[PDB]
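Read the single chain below, which is given as structure tokens and is the form deposited in one PDB entry.
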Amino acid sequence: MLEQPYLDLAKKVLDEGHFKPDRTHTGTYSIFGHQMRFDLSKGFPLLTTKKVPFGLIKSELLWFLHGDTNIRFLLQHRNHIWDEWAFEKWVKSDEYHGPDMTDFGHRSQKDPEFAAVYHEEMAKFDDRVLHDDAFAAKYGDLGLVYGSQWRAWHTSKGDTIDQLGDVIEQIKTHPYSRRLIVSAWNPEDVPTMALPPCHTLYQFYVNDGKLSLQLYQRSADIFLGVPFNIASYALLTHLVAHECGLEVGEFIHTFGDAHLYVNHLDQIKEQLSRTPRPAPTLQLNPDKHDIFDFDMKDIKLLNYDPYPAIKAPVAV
């Protein structure tokens, strides 16, 4: 039933992959060369074998689609996924002169001053991100994130081109235009960067009413990693299919280094013994038909019963 290419993609990786050592230095079992499909009329490819949370995919998303980059907002919509990049900023800070969080993620596991106290050096950084907007502005803002790669490309001439907005009007002016891609890989910015964009480029189609998507993820982690990467870019197919009064066909998923990080070997084994406890339905409000302003409760995902949720250590 729907999420099964991810269940079928993890099975292949863990006996049959090749161990490959990553930077974090706790290897993998990987492939490279993988392509995966979902058909969104058989609903949402949201993972019933463990619990994936939707709220926090849905919040992430809109943030990107608003041409935003200020974590300030992720916090308001109760989100904190992108936190630690702005923190890596404030603890190496010019003006957080005092109680340092040096090496804090690969020393979460190790605790004792990072234990709570870094996680709450962090939340306190966070409130100034929420009240001294001088600190949202000048700290919660990661700059070159997907919302500035998809809606604010900085051009050879100082300003911005909005790229997911031409997906939306070209889907609409010439439909079955073979060129309908947005790249977020920006050559001249990958080296000074911390994570260049995992989700490099995604190609659109307008099939025949069916809006169909395909994402090119060069890096990919099966387990924590890929469950949120099926469900942000299938929600894009729904949103966009709806934006030009077209109707969802299918989301496809190209991979690079498809990987199941050696470290979380036995919790993936743990999932492939839960049987895909049916499929959710995303509905999105008929009355709002943009995609760019969507407050949170217009896109709603009906009927989820997941399995209980399976848990990781320290990501890096």
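The first residue of the sequence shown is number 1, and the count goes up from there. Take the two forms, find the largest set of C-alpha atoms that superpose within 1.5 Å, and that set is the rigid core.
A.B. asks: Which is higher in the entry, the mean Cα B factor of 166-174 or that of 101-109?
C.D. replies: So the stretch with the higher mean C-alpha B-factor is 101-109.
A.B. asks: Taking the mean of the C-alpha B-factors per stretch from the entry, tell me the winner out of 10-18 and 299-307.
C.D. replies: Stretch with the higher mean C-alpha B-factor: 299-307.
A.B. asks: Just grab whichever of 226, 122, 235, 75 has the top CA B-factor as deposited.
C.D. replies: Top of the list by C-alpha B-factor: 122.
A.B. asks: If you compare 146, 216, 185, 82, which has the highest Cα B-factor in the entry?
C.D. replies: The record points to 185.
A.B. asks: Which third of the chain holds residue 245 when residues are ordered by C-alpha B factor: lowest, middle or highest?
C.D. replies: Its C-alpha B-factor, which the entry lists for residue 245, ranks in the middle third among residues of this chain.
A.B. asks: Tell me, lowest, middle or highest third: where does the Cα B factor of residue 130 rank within its chain?
C.D. replies: Answer is middle: the recorded C-alpha B-factor places it there.
A.B. asks: Would you mind ranking residue 262 by its C-alpha B-factor against the rest of the chain and naming the third, lowest, middle or highest?
C.D. replies: Highest third of the chain for residue 262's C-alpha B-factor.
A.B. asks: Just say lowest, middle or highest third for the CA B-factor of residue 275 relative to the other modelled residues in its chain.
C.D. replies: Lowest third - that is where residue 275 ends up once the chain's C-alpha B-factors are sorted.
A.B. asks: Could you tell me which third, lowest, middle or highest, the C-alpha B-factor of residue 65 occupies within its chain?
C.D. replies: Residue 65: CA B-factor falls in the lowest third of its chain.
The next section is about a form of this same protein that is not shown, the form deposited in another entry.
A.B. asks: Tell which of 113, 243, 162, 88, after superposing on the rigid core, has its C-alpha displaced by 2 Å or more between this form and the one not shown, please.
C.D. replies: That would be 113.
A.B. asks: How about residue 100 - superposed on the rigid core, does its CA move between this form and the one not shown by 2 Å or more?
C.D. replies: Yes, the C-alpha position differs by at least 2 Å between this form and the one not shown.
A.B. asks: Work out the direction of the Cα-Cα change for residue 267 and residue 112 in the other entry: closer or farther than in this form? It's 3 angstroms or more.
C.D. replies: Residues converge in the other entry, at least 3 Å closer.
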